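Just one chain follows, in the form deposited without the named molecule, and it is written as structure tokens.
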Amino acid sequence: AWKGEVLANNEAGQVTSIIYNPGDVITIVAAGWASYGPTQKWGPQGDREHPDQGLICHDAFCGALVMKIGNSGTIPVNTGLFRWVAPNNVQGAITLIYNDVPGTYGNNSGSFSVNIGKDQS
């Protein structure tokens, strides 16, 4: 199991200890308050009211938690994922990333606290 913080201002992402492999079932729970700039903060679902202007993930609100698995595109994580299996051919190290516009990360603040573990399979 892995546990740590994912900083909203961490553009490159927060590498984890978790290597997702074919057939794996995983659960993720994410918690906390972050911002992409505005003083207000949002949870790991991000800001539902916020237009998308080149977000690193277009399948999640600006300011949501997303991930990458190995070489995959971005994948929404949001509040977490319960007993979850990746699409085909998706595998490798999980990297957790705060969803904002490339280059805009520097005014960001707050972080999420995230747990990830493998489930029975």
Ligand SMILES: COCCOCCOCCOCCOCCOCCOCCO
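For every residue, the number given is its place in the sequence shown, counted from 1.
A second form of this protein, the form deposited with the named molecule bound, is not displayed here; the remarks below concern that form.
K.L.:
Is there a clash that blocks the site, or is it open, when the named molecule is superposed from its pose in the entry with it bound and ligand atoms are checked against a 2.4 Å limit to backbone and C-beta atoms, 3 or more counting as blocked?
P.N.:
Open pocket: the modelled ligand, placed by site superposition, has no clash at the 2.4 Å cut-off.
K.L.:
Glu11, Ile56 and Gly73: each with a heavy atom within 4.5 Å of the named molecule in the entry with it bound?
P.N.:
Yes, because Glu11, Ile56 and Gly73 each have a heavy atom that approaches the named molecule to within 4.5 Å in the entry with it bound.
K.L.:
Even though the named molecule is not shown here, does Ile97 get within 4.5 Å of it in the entry with it bound, heavy atoms only?
P.N.:
Yes, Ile97 sits close enough to the named molecule in the entry with it bound that at least one of its heavy atoms falls within 4.5 Å.
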